[PDB]
């Protein structure tokens, strides 16, 4: 037997950083959860009990805090690239670092119509994430994403004209509720190294904002023919707006809300045009994915 692949590191490292503007007294907080996994010439730690090649996972944890102390933690694409580059430069035998960062929302509170200098609210569980793979001699590959964005539209979703055979009971519809949790990922062109990532810093937050805006507007305005059709429209637009993105991937559940026939009770009408009360279904759910790239 032989080691075909191996990676190891520290997961679930929670990190908070505050920035204090001495001029204005305004404070800004950042909170993330980080995972770093390393690869390299470490097979002997598995096969021969040779710990000499192992940077202890505790040390990886320390390195993340030290790196956050000495560098900006935003945009996360930059922080992740700095953190991953550190390992491959510092340790001769480590050849790849895989950094995953989940950014948690701490949105400044507005009190009396004015932004508060040091108070924040967690407005939803939506995350902004990055995955950064730093591989010696192969540059830096960054996948940015938003996830946990839960939306619902109560009309302007249709689903008819699908294949009907002996396994089909679903009735065609011209008006249904559509609700989903959006997971959208945009993969950047490969970067040659940290200098190149730094040169594009401003594009990261701007592209995240565009991705979010396009997702929301398209969902709200599309008279959806299917989840498939609506998600493709979102992906098309993001690619058109940022040339440095190579592909856009969406993964969307179709969280069903079923009509409830109440006609058995005093002829109450609650279906079709008269539907008012519905039963949200926790499971099962449709799951629709697609990856869109350039012609």
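Positions refer to the first chain, counted from 1.
Enquirer: Going by the average Cα B-factor in the PDB entry, point out whether 45-53 or 22-30 comes out higher.
Expert: Per the PDB record, 22-30.
Enquirer: In the PDB record, does 248-256 or 262-270 carry the higher mean Cα temperature factor?
Expert: Comparing 248-256 with 262-270, the higher mean C-alpha B-factor belongs to 262-270.
Enquirer: Highest CA temperature factor in the entry: which of 98, 153, 93, 104?
Expert: Checking the PDB record, the top C-alpha B-factor among 98, 153, 93, 104 is at 93.
Enquirer: Go through 136, 183, 77, 133 one by one and give the residue whose Cα B-factor in the PDB entry is largest.
Expert: Highest CA B-factor of the listed options: 136.
Enquirer: Hey, what third does residue 61 fall into on Cα B-factor, ranked over its chain?
Expert: Within its chain, residue 61 is a lowest-third residue by C-alpha B-factor, going by the deposited values.
Enquirer: Which third, lowest, middle or highest, does the C-alpha temperature factor of residue 240 belong to within its own chain?
Expert: Highest third.
Enquirer: In terms of the CA temperature factor given in the entry, to which third of its chain does residue 179 belong: lowest, middle or highest?
Expert: Tercile = lowest for this residue's CA B-factor.
Enquirer: Among the modelled residues of its chain, does the C-alpha B-factor of residue 149 lie in the lowest, middle or highest third?
Expert: Lowest third of the chain for residue 149's C-alpha B-factor.
Enquirer: Just say lowest, middle or highest third for the CA B-factor of residue 86 relative to the other modelled residues in its chain.
Expert: As the PDB entry reports it, the C-alpha B-factor of residue 86 lands in the middle third of its chain.
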